[PDB]
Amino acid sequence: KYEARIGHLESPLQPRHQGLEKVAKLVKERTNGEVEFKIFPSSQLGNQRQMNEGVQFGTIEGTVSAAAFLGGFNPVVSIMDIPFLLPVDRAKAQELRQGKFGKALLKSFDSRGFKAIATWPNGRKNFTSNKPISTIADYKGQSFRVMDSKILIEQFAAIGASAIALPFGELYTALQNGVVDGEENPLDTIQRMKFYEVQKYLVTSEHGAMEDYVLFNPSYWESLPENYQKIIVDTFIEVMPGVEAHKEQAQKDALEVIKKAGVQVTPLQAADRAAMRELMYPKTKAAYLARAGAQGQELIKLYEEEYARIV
């Protein structure tokens, strides 16, 4: 009775998709079989811009998108692209993500033609390249692919590197053919997309967050009885802790595979981490405010207040 086609970019093997399958099963049972989610991975329904427009228009009922692709439709959510924003402690990050701060980000979608019903962690990003990236000076003049975010372009600019937005489904080929030197992603994404076949170097950095937003077409959402709306939200929240543990463990598994495949892996040096943060924050925050305006200032303030309380 209430079928929803929900698309996303990732391999079906990864924790987001597995979690969405679990959500689908539980929602179908808890709604007397009436709400049926069908999940389409791997850009099957389009690249993320196409899926986002599809959800807004209602050609598809939903998408799970990284925040990094949503700043055109919703500049406010791009705060989540700022490097080194989240605490290292995952539980404290969750207090931010699931508390007043994250709630304000979900609410910001209402006026923009999406119903954002939940946000899930979905890993932290690491640098890869075909040129050495062992020191901060090494990044100068290199080019990196980013997700479709002006904030992420500024991230790389802050350390003298260039960045261009390329669709995820084209990324393997882009790396293979030297369209860019490098990219950034969680280790298990690097593994499942086989970016180790086309990148020689990896820096374990966790310098920025990959943040998932669960978006429904508003008319679809509104067509659902209230009790089903509540069941869906609660089910996403119920499945979340298992998804995060699967995602954390997948990074460990992925690192072993990446090292075995012959990628040179180094940790981000502490002084390089601090220097990156100090250079990247002003530029990425200014970019965020430039596009989000006063509402972005409001979210920065709310983040600072909640971070101080929590951390």
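Don't overthink the numbering: it's just position in the shown sequence, from 1.
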Pick between 299 to 307 and 20 to 28: the one whose mean CA B-factor in the entry is higher. 299 to 307
Please work out which of 204 to 212 and 155 to 163 has the higher mean CA B-factor as recorded in the PDB entry. 155 to 163
I'd like to know which of 118, 232, 224, 147 has the highest C-alpha temperature factor in the PDB entry. 224
Would you mind checking which of 240, 85, 137, 76 has the top Cα temperature factor in the PDB entry? 137
For residue 56, does the deposited CA B-factor place it in the lowest, middle or highest third of the chain? highest
Relative C-alpha B-factor of residue 188, binned into the chain's lowest, middle or highest third: lowest
If you rank every modelled residue in this chain by C-alpha B factor, which third holds residue 12: lowest, middle or highest? middle
CA B-factor ranking of residue 113, expressed as a third of its chain: highest
How does residue 37 rank on Cα B-factor within its chain, lowest, middle or highest third? middle
